[PDB]
file coords37.txt (compact mmCIF, C-alpha atoms and all ligand atoms)
# COMPACT_ATOMS: atom_id res chain seq x y z
CA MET X 1 41.06 138.88 208.72
CA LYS X 2 41.86 142.09 206.83
CA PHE X 3 40.46 145.62 207.17
CA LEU X 4 41.07 148.68 205.07
CA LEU X 5 41.09 151.68 207.45
CA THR X 6 40.84 155.15 205.97
CA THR X 7 41.80 158.53 207.33
CA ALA X 8 43.09 161.94 206.18
CA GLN X 9 46.12 161.87 203.89
CA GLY X 10 49.32 162.45 205.84
CA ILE X 11 48.06 161.20 209.18
CA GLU X 12 48.44 157.46 208.59
CA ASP X 13 51.22 157.10 211.24
CA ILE X 14 49.06 158.89 213.82
CA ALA X 15 46.12 156.71 212.88
CA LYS X 16 48.29 153.62 213.17
CA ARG X 17 49.40 154.34 216.79
CA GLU X 18 45.76 155.07 217.56
CA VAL X 19 44.68 151.71 216.11
CA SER X 20 47.32 149.70 217.99
CA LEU X 21 46.61 151.10 221.46
CA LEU X 22 42.98 150.18 220.89
CA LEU X 23 43.41 146.60 219.62
CA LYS X 24 46.12 145.82 222.19
CA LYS X 25 43.43 146.25 224.86
CA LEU X 26 41.47 143.43 223.23
CA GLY X 27 44.42 141.06 223.51
CA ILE X 28 44.57 140.57 219.75
CA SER X 29 47.56 139.84 217.60
CA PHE X 30 47.63 142.08 214.54
CA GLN X 31 49.79 143.95 212.16
CA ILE X 32 49.37 147.31 210.39
CA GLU X 33 50.77 148.67 207.13
CA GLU X 34 50.76 152.39 206.38
CA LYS X 35 49.75 153.32 202.85
CA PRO X 36 49.12 149.79 201.52
CA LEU X 37 50.30 149.71 197.93
CA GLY X 38 51.44 153.29 198.16
CA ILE X 39 47.89 154.70 198.49
CA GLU X 40 47.47 157.58 200.97
CA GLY X 41 44.75 158.02 203.57
CA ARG X 42 44.83 154.26 204.18
CA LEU X 43 45.95 151.53 206.55
CA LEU X 44 45.70 147.79 205.89
CA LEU X 45 45.01 146.03 209.25
CA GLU X 46 45.64 142.27 209.59
CA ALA X 47 44.24 140.71 212.75
CA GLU X 48 43.29 137.37 214.10
CA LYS X 49 39.61 137.13 214.87
CA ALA X 50 38.74 138.18 218.41
CA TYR X 51 37.18 135.26 220.32
CA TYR X 52 35.84 135.03 223.81
CA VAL X 53 33.73 132.46 225.69
CA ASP X 54 30.13 133.59 226.08
CA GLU X 55 27.33 133.08 228.69
CA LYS X 56 26.46 129.69 227.14
CA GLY X 57 30.09 128.55 227.41
CA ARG X 58 30.53 129.03 223.63
CA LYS X 59 33.27 130.56 221.51
CA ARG X 60 31.93 133.87 220.18
CA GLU X 61 33.34 136.53 217.89
CA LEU X 62 33.94 140.10 218.97
CA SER X 63 33.31 142.58 216.16
CA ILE X 64 36.59 144.36 215.41
CA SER X 65 34.86 146.64 212.95
CA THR X 66 32.33 147.73 215.61
CA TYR X 67 35.07 148.19 218.19
CA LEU X 68 36.98 150.54 215.85
CA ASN X 69 33.90 152.35 214.60
CA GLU X 70 32.91 153.09 218.22
CA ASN X 71 36.26 154.20 219.68
CA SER X 72 38.56 155.63 216.98
CA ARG X 73 38.90 159.39 216.82
CA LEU X 74 41.15 159.42 213.72
CA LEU X 75 39.58 156.99 211.21
CA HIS X 76 37.05 157.83 208.50
CA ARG X 77 35.92 154.30 207.55
CA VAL X 78 36.49 150.75 208.59
CA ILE X 79 36.09 148.44 205.64
CA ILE X 80 36.37 144.60 205.65
CA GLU X 81 38.69 143.91 202.74
CA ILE X 82 37.66 141.42 200.03
CA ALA X 83 40.66 142.25 197.70
CA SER X 84 43.28 144.95 196.98
CA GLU X 85 44.98 144.88 193.60
CA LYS X 86 47.01 147.00 191.25
CA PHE X 87 45.56 147.06 187.76
CA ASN X 88 48.62 148.24 185.78
CA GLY X 89 47.68 150.84 183.20
CA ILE X 90 43.98 151.05 184.11
CA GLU X 91 43.59 154.86 184.15
CA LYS X 92 45.25 154.69 180.75
CA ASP X 93 43.12 151.77 179.52
CA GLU X 94 40.19 152.80 177.36
CA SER X 95 36.79 153.07 178.99
CA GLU X 96 35.60 149.61 177.99
CA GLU X 97 38.87 147.76 178.56
CA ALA X 98 38.67 149.30 182.05
CA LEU X 99 35.16 148.22 183.04
CA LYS X 100 36.17 144.88 181.52
CA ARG X 101 39.16 144.47 183.85
CA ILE X 102 37.01 145.36 186.86
CA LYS X 103 34.05 143.06 186.18
CA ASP X 104 36.19 140.03 185.45
CA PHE X 105 38.06 140.77 188.65
CA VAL X 106 35.04 141.18 190.84
CA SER X 107 33.25 138.23 189.20
CA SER X 108 36.09 136.12 190.59
CA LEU X 109 35.60 137.26 194.17
CA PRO X 110 33.82 134.94 196.57
CA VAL X 111 31.46 137.82 197.40
CA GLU X 112 28.79 135.39 198.59
CA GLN X 113 30.83 134.66 201.72
CA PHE X 114 30.53 138.27 202.90
CA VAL X 115 26.91 138.82 202.52
CA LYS X 116 23.91 136.66 203.03
CA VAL X 117 22.56 135.90 199.58
CA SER X 118 19.35 137.37 201.03
CA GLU X 119 20.57 140.59 202.67
CA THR X 120 20.04 143.75 200.64
CA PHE X 121 23.09 145.52 199.14
CA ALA X 122 24.29 148.55 197.29
CA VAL X 123 27.60 149.53 195.80
CA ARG X 124 29.20 152.85 196.66
CA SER X 125 32.30 153.83 194.81
CA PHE X 126 35.15 156.25 195.23
CA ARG X 127 37.24 157.02 192.07
CA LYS X 128 40.35 159.18 191.89
CA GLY X 129 43.24 160.06 189.61
CA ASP X 130 42.97 160.45 185.84
CA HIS X 131 40.96 157.63 184.26
CA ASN X 132 38.85 156.94 181.21
CA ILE X 133 35.75 156.03 183.21
CA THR X 134 33.67 157.69 185.90
CA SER X 135 32.99 156.91 189.55
CA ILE X 136 29.44 156.08 188.40
CA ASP X 137 30.82 153.53 185.87
CA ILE X 138 32.49 151.67 188.70
CA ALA X 139 29.35 151.37 190.83
CA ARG X 140 27.68 150.18 187.67
CA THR X 141 30.23 147.59 186.48
CA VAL X 142 30.96 146.39 190.04
CA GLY X 143 27.23 146.23 190.77
CA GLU X 144 26.45 144.18 187.66
CA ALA X 145 29.06 141.62 188.67
CA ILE X 146 28.05 141.30 192.32
CA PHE X 147 24.43 140.83 191.31
CA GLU X 148 25.22 138.24 188.56
CA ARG X 149 27.48 136.41 191.02
CA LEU X 150 25.00 136.31 193.90
CA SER X 151 22.34 135.04 191.52
CA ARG X 152 24.15 131.71 191.18
CA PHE X 153 23.45 131.16 194.85
CA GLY X 154 19.91 132.55 195.12
CA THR X 155 17.80 135.69 194.91
CA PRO X 156 19.88 138.93 195.15
CA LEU X 157 18.12 141.91 196.75
CA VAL X 158 19.31 145.42 195.73
CA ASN X 159 18.50 148.62 197.65
CA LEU X 160 20.35 151.86 196.91
CA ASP X 161 19.33 154.03 199.87
CA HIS X 162 18.78 151.46 202.62
CA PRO X 163 21.19 148.61 202.07
CA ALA X 164 21.99 146.25 204.91
CA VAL X 165 25.33 145.67 203.21
CA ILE X 166 27.32 148.35 201.41
CA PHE X 167 30.00 147.16 199.05
CA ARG X 168 32.56 149.88 198.44
CA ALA X 169 34.76 149.82 195.42
CA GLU X 170 37.66 152.33 195.32
CA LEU X 171 39.86 152.97 192.28
CA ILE X 172 42.75 155.31 193.08
CA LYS X 173 45.51 155.76 190.52
CA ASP X 174 46.12 152.16 189.51
CA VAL X 175 44.90 150.56 192.74
CA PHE X 176 41.50 148.80 192.95
CA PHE X 177 39.83 147.94 196.21
CA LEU X 178 36.66 146.05 196.96
CA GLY X 179 35.22 145.72 200.45
CA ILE X 180 32.34 145.79 202.92
CA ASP X 181 32.00 149.32 204.33
CA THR X 182 31.06 148.72 207.98
CA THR X 183 30.96 152.45 208.80
CA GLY X 184 28.06 153.44 206.51
CA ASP X 185 27.21 156.42 204.34
CA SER X 186 28.18 158.77 207.16
CA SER X 187 31.92 158.69 207.66
CA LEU X 188 33.28 158.70 211.29
CA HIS X 189 34.44 162.36 210.93
CA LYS X 190 30.77 163.35 210.75
CA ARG X 191 30.24 164.37 214.39
CA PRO X 192 26.78 164.47 216.05
CA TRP X 193 27.83 167.42 218.17
CA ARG X 194 28.44 169.59 215.06
CA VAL X 195 25.26 171.70 215.12
CA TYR X 196 26.88 174.88 213.94
CA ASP X 197 28.73 174.47 210.65
CA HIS X 198 31.71 176.72 210.25
CA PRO X 199 32.57 177.53 206.63
CA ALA X 200 36.24 176.78 207.37
CA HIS X 201 35.85 174.18 210.22
CA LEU X 202 38.47 171.51 210.98
CA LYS X 203 37.65 167.95 210.12
CA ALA X 204 37.41 166.22 213.45
CA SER X 205 39.97 163.53 212.66
CA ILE X 206 42.64 166.06 211.80
CA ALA X 207 41.71 167.81 215.07
CA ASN X 208 42.79 164.73 216.99
CA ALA X 209 45.88 164.41 214.85
CA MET X 210 46.85 167.92 216.10
CA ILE X 211 46.07 166.88 219.66
CA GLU X 212 48.33 163.78 219.39
CA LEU X 213 51.22 165.70 217.87
CA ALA X 214 51.06 168.14 220.74
CA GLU X 215 51.92 165.40 223.26
CA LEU X 216 49.74 166.91 225.98
CA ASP X 217 50.51 166.45 229.65
CA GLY X 218 47.56 167.94 231.60
CA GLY X 219 48.85 171.47 231.04
CA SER X 220 46.47 174.21 229.85
CA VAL X 221 45.60 174.16 226.13
CA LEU X 222 44.45 177.19 224.11
CA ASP X 223 42.83 177.58 220.70
CA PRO X 224 43.48 181.28 220.15
CA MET X 225 41.55 181.27 216.88
CA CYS X 226 38.96 178.70 217.88
CA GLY X 227 36.03 179.25 215.45
CA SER X 228 33.42 176.51 215.66
CA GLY X 229 35.37 174.91 218.58
CA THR X 230 36.32 171.59 217.01
CA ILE X 231 39.81 171.21 218.47
CA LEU X 232 38.74 172.11 221.98
CA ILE X 233 35.61 169.97 221.94
CA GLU X 234 37.48 166.95 220.67
CA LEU X 235 40.00 167.43 223.49
CA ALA X 236 37.22 167.76 226.09
CA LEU X 237 35.45 164.67 224.75
CA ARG X 238 38.81 162.91 225.17
CA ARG X 239 38.26 163.76 228.86
CA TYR X 240 41.37 165.90 229.01
CA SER X 241 42.26 166.70 232.65
CA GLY X 242 43.59 170.21 231.92
CA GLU X 243 42.17 173.68 231.38
CA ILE X 244 40.83 174.22 227.94
CA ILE X 245 40.50 177.66 226.46
CA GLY X 246 39.32 179.07 223.16
CA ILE X 247 39.53 182.61 221.89
CA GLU X 248 37.56 183.67 218.80
CA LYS X 249 37.36 187.03 217.08
CA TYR X 250 33.77 186.80 215.88
CA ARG X 251 30.82 186.41 218.26
CA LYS X 252 28.69 184.54 215.83
CA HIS X 253 31.36 181.83 215.49
CA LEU X 254 32.03 181.76 219.22
CA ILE X 255 28.34 181.27 220.08
CA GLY X 256 28.39 178.52 217.43
CA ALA X 257 31.31 176.88 219.32
CA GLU X 258 29.35 177.14 222.58
CA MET X 259 26.37 175.57 220.93
CA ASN X 260 28.59 172.81 219.45
CA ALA X 261 30.06 172.30 222.93
CA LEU X 262 26.56 172.25 224.50
CA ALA X 263 25.53 169.53 222.03
CA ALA X 264 28.63 167.48 222.84
CA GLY X 265 28.08 167.58 226.64
CA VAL X 266 31.33 169.48 227.37
CA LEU X 267 30.48 173.18 227.47
CA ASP X 268 31.21 173.29 231.21
CA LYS X 269 34.85 172.39 230.64
CA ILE X 270 35.84 174.84 227.96
CA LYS X 271 36.41 178.50 228.58
CA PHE X 272 35.22 180.50 225.54
CA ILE X 273 36.41 184.10 225.04
CA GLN X 274 35.49 186.56 222.32
CA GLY X 275 38.75 188.18 221.58
CA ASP X 276 41.47 189.12 219.22
CA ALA X 277 44.48 186.88 219.08
CA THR X 278 46.97 189.55 217.97
CA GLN X 279 46.39 191.04 221.48
CA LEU X 280 46.68 187.62 223.02
CA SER X 281 48.59 188.59 226.19
CA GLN X 282 45.66 190.72 227.32
CA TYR X 283 43.54 187.59 227.64
CA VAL X 284 46.10 185.32 229.25
CA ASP X 285 49.50 185.34 230.98
CA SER X 286 50.61 181.78 230.49
CA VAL X 287 49.46 178.70 228.54
CA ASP X 288 51.27 175.42 228.20
CA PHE X 289 49.92 174.68 224.74
CA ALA X 290 48.23 176.36 221.79
CA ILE X 291 46.46 174.39 219.04
CA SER X 292 44.91 176.18 216.03
CA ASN X 293 43.60 175.73 212.50
CA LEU X 294 44.65 179.16 211.22
CA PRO X 295 42.62 181.10 208.72
CA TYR X 296 44.10 180.32 205.30
CA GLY X 297 43.06 183.73 204.00
CA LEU X 298 42.05 182.47 200.58
CA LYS X 299 42.20 184.74 197.52
CA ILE X 300 44.59 187.68 198.01
CA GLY X 301 45.41 190.85 199.93
CA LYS X 302 46.92 193.04 199.15
CA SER X 304 48.89 191.58 202.71
CA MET X 305 46.24 190.20 205.07
CA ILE X 306 47.72 186.97 206.43
CA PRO X 307 51.42 187.65 206.72
CA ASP X 308 50.48 190.52 209.05
CA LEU X 309 47.95 188.48 211.08
CA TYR X 310 50.53 185.66 211.69
CA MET X 311 53.26 188.21 212.53
CA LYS X 312 51.29 189.87 215.34
CA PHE X 313 49.69 186.68 216.77
CA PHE X 314 53.01 184.94 216.86
CA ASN X 315 54.57 187.98 218.65
CA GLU X 316 51.76 187.76 221.21
CA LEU X 317 52.27 183.95 221.45
CA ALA X 318 55.96 184.43 222.27
CA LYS X 319 54.75 186.27 225.34
CA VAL X 320 52.60 183.51 226.88
CA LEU X 321 53.42 179.98 225.51
CA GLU X 322 55.22 177.53 227.92
CA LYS X 323 55.56 174.24 225.94
CA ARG X 324 54.36 173.70 222.36
CA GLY X 325 52.16 175.12 219.61
CA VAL X 326 50.53 173.01 216.90
CA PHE X 327 49.38 174.97 213.87
CA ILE X 328 47.77 174.35 210.57
CA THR X 329 47.66 176.70 207.52
CA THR X 330 47.90 176.82 203.72
CA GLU X 331 50.21 179.87 203.99
CA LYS X 332 53.67 178.28 204.21
CA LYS X 333 55.56 181.54 203.81
CA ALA X 334 53.44 183.75 206.14
CA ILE X 335 53.77 181.17 208.89
CA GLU X 336 57.51 180.38 208.65
CA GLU X 337 58.52 184.04 208.71
CA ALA X 338 56.16 184.77 211.60
CA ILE X 339 57.75 181.73 213.33
CA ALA X 340 61.30 182.87 212.47
CA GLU X 341 60.97 186.57 213.26
CA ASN X 342 59.57 185.74 216.68
CA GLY X 343 62.13 183.23 217.93
CA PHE X 344 60.08 180.09 217.43
CA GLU X 345 61.64 176.83 216.32
CA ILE X 346 60.00 174.15 214.11
CA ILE X 347 60.24 170.70 215.78
CA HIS X 348 57.84 169.01 213.36
CA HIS X 349 56.35 169.79 210.03
CA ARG X 350 53.83 167.74 208.09
CA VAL X 351 51.74 167.95 204.94
CA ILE X 352 48.06 166.89 205.32
CA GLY X 353 45.06 166.70 202.94
CA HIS X 354 42.32 168.84 204.51
CA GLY X 355 39.32 168.08 202.52
CA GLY X 356 40.86 168.72 199.10
CA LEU X 357 43.64 171.19 199.95
CA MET X 358 47.21 170.30 200.89
CA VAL X 359 47.58 171.95 204.30
CA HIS X 360 50.75 172.49 206.39
CA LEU X 361 51.05 171.45 210.00
CA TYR X 362 53.83 172.67 212.25
CA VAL X 363 54.84 171.90 215.79
CA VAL X 364 56.81 174.78 217.40
CA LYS X 365 58.52 175.70 220.72
CA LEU X 366 60.25 178.94 221.74
CA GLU X 367 63.93 178.84 220.88
CA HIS X 368 65.29 179.77 224.34
CA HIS X 369 63.30 176.98 225.98
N1 LIG E 1 42.84 188.30 215.06
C1 LIG E 1 42.11 187.20 215.38
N2 LIG E 1 42.03 186.77 216.64
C2 LIG E 1 41.31 185.67 216.96
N3 LIG E 1 40.64 184.91 216.07
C3 LIG E 1 40.66 185.22 214.77
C4 LIG E 1 41.42 186.41 214.35
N4 LIG E 1 41.31 186.48 213.03
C5 LIG E 1 40.54 185.45 212.64
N5 LIG E 1 40.16 184.68 213.67
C6 LIG E 1 39.31 183.47 213.59
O1 LIG E 1 40.04 182.31 213.28
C7 LIG E 1 39.06 181.29 213.01
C8 LIG E 1 39.77 180.19 212.22
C9 LIG E 1 38.86 179.10 211.66
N6 LIG E 1 39.46 178.71 210.40
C10 LIG E 1 38.88 177.94 212.64
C11 LIG E 1 38.01 176.74 212.27
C12 LIG E 1 37.93 175.91 213.53
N7 LIG E 1 39.24 175.22 213.72
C13 LIG E 1 36.78 174.95 213.47
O2 LIG E 1 36.96 173.73 213.27
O3 LIG E 1 35.62 175.36 213.63
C14 LIG E 1 38.00 182.00 212.18
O4 LIG E 1 36.71 181.52 212.59
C15 LIG E 1 38.25 183.49 212.48
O5 LIG E 1 37.11 184.12 213.04
call {"tool": "encode", "arguments": {"input": "coords37.txt", "output": "structure tokens"}}
result
Amino acid sequence: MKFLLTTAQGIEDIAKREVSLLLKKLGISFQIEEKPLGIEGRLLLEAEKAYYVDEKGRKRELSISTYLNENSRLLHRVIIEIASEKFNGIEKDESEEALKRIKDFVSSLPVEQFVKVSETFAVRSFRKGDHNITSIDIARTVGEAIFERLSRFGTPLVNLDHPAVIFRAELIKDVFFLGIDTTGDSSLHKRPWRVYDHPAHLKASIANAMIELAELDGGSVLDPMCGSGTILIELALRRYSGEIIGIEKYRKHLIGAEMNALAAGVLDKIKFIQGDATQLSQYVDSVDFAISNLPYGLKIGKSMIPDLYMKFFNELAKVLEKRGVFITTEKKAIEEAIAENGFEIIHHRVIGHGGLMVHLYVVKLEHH
């Protein structure tokens, strides 16, 4: 059986390792492709069905979708795949030749075997790249064809806001995807603990991607520019055995982070300090790790950020024992701050954070 698993662009390999460790525990055989068909923010999972013997002595299925929904920290959506196809030249086909290609394609799909003729259903679409039709055209064309198809078999029941079964149709570049979205209208990154909403907060999946890349070992972990608290809370909710510390310049944000941590059940295990990271060595003497989503300093200045990174990183030099994991839009400010201060890049990545192409670096001190 086949699942399309989504996550942030540029973290597919991290999401893969995450997915394996999890399914291995079930005993399942499976195989996982990064970026099926070249599309980013995706994994195509192939597994055998997960059977056990139940209380009645009967073969019973274990939901793999449920298992992943419940336990993954990196995934956005778990979708049961019905088909994945390239439509050559679609975004360059004219509006009506496009809807045409779609409907005829979907009309062929045995969609009745994925939904009970008599469950409710909606379509939700995601469209992307340059096309001649809208995202709304897809939900429309795809919806027509599911409804028409299901009719042959009975009485189709449509419900936009409270479906029991969401079909999701994605068209990205020239790749079309149709599937059953098991995750729902709220994507997995939408955390219940997030009661204070930071204007520049880290998407929780990318937070765990930073945690993984750090290769933590029980040593103390610091978010010097913590904000809303995302990175530290994710790490506490992973049950991390080490000290966890967050420093945040602005009180409002820091009290937000404490409220977020209260709502997540982990406020006890994080030490939250109002404080200024360019004076870092006043707040601490030693930390094994530092993990931060740095302020991107949008707009200009005329030179705000270069100077912020330069000081912070000089302070960091003073206290860091193992590794730093950092995220920023400001490629230049960061790499000079890194260079001038005797840090060494041991990993660099590009990631899609919401809609911006962010840089992620892993660093150590040179002389270590
Ligand atoms: N000199 C400084 N020292 C410490 N923190 C700072 C300093 N300058 C800015 N900050 C904070 O850095 C934080 C960076 C945020 N982008 C972090 C978002 C956070 N990762 C979250 O998910 O909620 C901002 O909330 C700023 O208040």
call {"tool": "residues_near_ligand", "arguments": {"input": "coords37.txt", "ligand": "ligand LIG 1 (chain E)", "cutoff": "10 Å", "atoms": "all atoms listed in the file", "output": "number ranges by chain"}}
result
X: 194, 196-204, 206-207, 223-233, 246-254, 256-257, 260, 273-280, 291-297, 306, 308-310, 312-313, 328-329
call {"tool": "closest_residue", "arguments": {"input": "coords37.txt", "among": "X:324, X:245, X:10, X:350", "to": "residue 216 (chain X)", "atoms": "only C-alpha atoms"}}
result
X:324
call {"tool": "atom_distance", "arguments": {"input": "coords37.txt", "atom1": "CA of residue 33 (chain X)", "atom2": "CA of residue 235 (chain X)"}}
result
27.1 Å
call {"tool": "atom_distance", "arguments": {"input": "coords37.txt", "atom1": "CA of residue 57 (chain X)", "atom2": "CA of residue 20 (chain X)"}}
result
28.9 Å
call {"tool": "closest_residue", "arguments": {"input": "coords37.txt", "among": "X:11, X:1, X:188, X:364", "to": "residue 73 (chain X)", "atoms": "all atoms listed in the file"}}
result
X:188
call {"tool": "residues_around", "arguments": {"input": "coords37.txt", "residues": "region 237-239 of chain X", "least_positions_apart": "6", "cutoff": "10 Å", "atoms": "only C-alpha atoms", "output": "list in words"}}
result
residues 73, 208, 211, 261, 264, 265, 266 and 269 of chain X
call {"tool": "write_last_selection", "arguments": {"input": "coords37.txt", "atoms": "C-alpha atoms", "output": "short mmCIF file (atom, residue, chain, number, x, y, z; two decimals), keeping the file's coordinate frame"}}
result
data_model
loop_
_atom_site.label_atom_id
_atom_site.label_comp_id
_atom_site.auth_asym_id
_atom_site.auth_seq_id
_atom_site.Cartn_x
_atom_site.Cartn_y
_atom_site.Cartn_z
CA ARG X 73 38.90 159.39 216.82
CA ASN X 208 42.79 164.73 216.99
CA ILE X 211 46.07 166.88 219.66
CA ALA X 261 30.06 172.30 222.93
CA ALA X 264 28.63 167.48 222.84
CA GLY X 265 28.08 167.58 226.64
CA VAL X 266 31.33 169.48 227.37
CA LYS X 269 34.85 172.39 230.64
#
call {"tool": "closest_residue", "arguments": {"input": "coords37.txt", "among": "X:288, X:268, X:161, X:119", "to": "residue 218 (chain X)", "atoms": "only C-alpha atoms"}}
result
X:288
call {"tool": "residues_around", "arguments": {"input": "coords37.txt", "residues": "region 105-111 of chain X", "least_positions_apart": "4", "cutoff": "9 Å", "atoms": "all atoms listed in the file", "output": "compact mmCIF listing (two decimals) with C-alpha atoms, in the coordinates of the input"}}
result
# COMPACT_ATOMS: atom_id res chain seq x y z
CA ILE X 82 37.66 141.42 200.03
CA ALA X 83 40.66 142.25 197.70
CA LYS X 100 36.17 144.88 181.52
CA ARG X 101 39.16 144.47 183.85
CA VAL X 115 26.91 138.82 202.52
CA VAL X 142 30.96 146.39 190.04
CA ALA X 145 29.06 141.62 188.67
CA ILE X 146 28.05 141.30 192.32
CA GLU X 148 25.22 138.24 188.56
CA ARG X 149 27.48 136.41 191.02
CA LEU X 150 25.00 136.31 193.90
CA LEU X 178 36.66 146.05 196.96
call {"tool": "atom_distance", "arguments": {"input": "coords37.txt", "atom1": "CA of residue 286 (chain X)", "atom2": "CA of residue 348 (chain X)"}}
result
22.6 Å
call {"tool": "build_atoms", "arguments": {"input": "coords37.txt", "residues": "region 324-344 of chain X", "atoms": "N, CA and C atoms", "output": "PDB file, in the frame of the given file"}}
result
ATOM      1  N   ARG X 324      54.392 173.908 223.789  1.00  0.00           N
ATOM      2  CA  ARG X 324      54.360 173.700 222.360  1.00  0.00           C
ATOM      3  C   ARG X 324      53.103 174.267 221.717  1.00  0.00           C
ATOM      4  N   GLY X 325      53.275 174.683 220.460  1.00  0.00           N
ATOM      5  CA  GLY X 325      52.160 175.120 219.610  1.00  0.00           C
ATOM      6  C   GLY X 325      52.035 174.154 218.444  1.00  0.00           C
ATOM      7  N   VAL X 326      50.811 173.821 218.064  1.00  0.00           N
ATOM      8  CA  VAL X 326      50.530 173.010 216.900  1.00  0.00           C
ATOM      9  C   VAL X 326      49.608 173.792 215.929  1.00  0.00           C
ATOM     10  N   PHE X 327      50.075 174.031 214.725  1.00  0.00           N
ATOM     11  CA  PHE X 327      49.380 174.970 213.870  1.00  0.00           C
ATOM     12  C   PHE X 327      49.201 174.365 212.537  1.00  0.00           C
ATOM     13  N   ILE X 328      48.135 174.792 211.889  1.00  0.00           N
ATOM     14  CA  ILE X 328      47.770 174.350 210.570  1.00  0.00           C
ATOM     15  C   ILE X 328      47.438 175.579 209.692  1.00  0.00           C
ATOM     16  N   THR X 329      47.895 175.592 208.429  1.00  0.00           N
ATOM     17  CA  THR X 329      47.660 176.700 207.520  1.00  0.00           C
ATOM     18  C   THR X 329      48.045 176.320 206.097  1.00  0.00           C
ATOM     19  N   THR X 330      47.433 176.971 205.102  1.00  0.00           N
ATOM     20  CA  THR X 330      47.900 176.820 203.720  1.00  0.00           C
ATOM     21  C   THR X 330      49.107 177.731 203.450  1.00  0.00           C
ATOM     22  N   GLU X 331      49.285 178.757 204.291  1.00  0.00           N
ATOM     23  CA  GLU X 331      50.210 179.870 203.990  1.00  0.00           C
ATOM     24  C   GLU X 331      51.629 179.653 204.501  1.00  0.00           C
ATOM     25  N   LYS X 332      52.345 178.774 203.794  1.00  0.00           N
ATOM     26  CA  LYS X 332      53.670 178.280 204.210  1.00  0.00           C
ATOM     27  C   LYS X 332      54.623 179.420 204.586  1.00  0.00           C
ATOM     28  N   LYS X 333      54.752 180.365 203.687  1.00  0.00           N
ATOM     29  CA  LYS X 333      55.560 181.540 203.810  1.00  0.00           C
ATOM     30  C   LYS X 333      55.154 182.483 204.954  1.00  0.00           C
ATOM     31  N   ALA X 334      53.901 182.883 205.048  1.00  0.00           N
ATOM     32  CA  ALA X 334      53.440 183.750 206.140  1.00  0.00           C
ATOM     33  C   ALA X 334      53.803 183.135 207.461  1.00  0.00           C
ATOM     34  N   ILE X 335      53.430 181.866 207.641  1.00  0.00           N
ATOM     35  CA  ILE X 335      53.770 181.170 208.890  1.00  0.00           C
ATOM     36  C   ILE X 335      55.259 181.100 209.249  1.00  0.00           C
ATOM     37  N   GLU X 336      56.114 180.716 208.299  1.00  0.00           N
ATOM     38  CA  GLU X 336      57.510 180.380 208.650  1.00  0.00           C
ATOM     39  C   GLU X 336      58.326 181.611 209.005  1.00  0.00           C
ATOM     40  N   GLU X 337      57.953 182.726 208.389  1.00  0.00           N
ATOM     41  CA  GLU X 337      58.520 184.040 208.710  1.00  0.00           C
ATOM     42  C   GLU X 337      58.032 184.549 210.063  1.00  0.00           C
ATOM     43  N   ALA X 338      56.713 184.496 210.291  1.00  0.00           N
ATOM     44  CA  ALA X 338      56.160 184.770 211.600  1.00  0.00           C
ATOM     45  C   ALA X 338      56.837 183.924 212.668  1.00  0.00           C
ATOM     46  N   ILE X 339      56.995 182.624 212.420  1.00  0.00           N
ATOM     47  CA  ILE X 339      57.750 181.730 213.330  1.00  0.00           C
ATOM     48  C   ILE X 339      59.182 182.231 213.543  1.00  0.00           C
ATOM     49  N   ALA X 340      59.891 182.462 212.438  1.00  0.00           N
ATOM     50  CA  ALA X 340      61.300 182.870 212.470  1.00  0.00           C
ATOM     51  C   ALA X 340      61.526 184.222 213.148  1.00  0.00           C
ATOM     52  N   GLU X 341      60.740 185.221 212.761  1.00  0.00           N
ATOM     53  CA  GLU X 341      60.970 186.570 213.260  1.00  0.00           C
ATOM     54  C   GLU X 341      60.731 186.657 214.761  1.00  0.00           C
ATOM     55  N   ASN X 342      60.046 185.657 215.301  1.00  0.00           N
ATOM     56  CA  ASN X 342      59.570 185.740 216.680  1.00  0.00           C
ATOM     57  C   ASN X 342      60.271 184.777 217.636  1.00  0.00           C
ATOM     58  N   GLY X 343      61.324 184.129 217.130  1.00  0.00           N
ATOM     59  CA  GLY X 343      62.130 183.230 217.930  1.00  0.00           C
ATOM     60  C   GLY X 343      61.461 181.900 218.263  1.00  0.00           C
ATOM     61  N   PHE X 344      60.593 181.448 217.374  1.00  0.00           N
ATOM     62  CA  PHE X 344      60.080 180.090 217.430  1.00  0.00           C
ATOM     63  C   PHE X 344      60.946 179.180 216.609  1.00  0.00           C
TER      64      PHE X 344
END
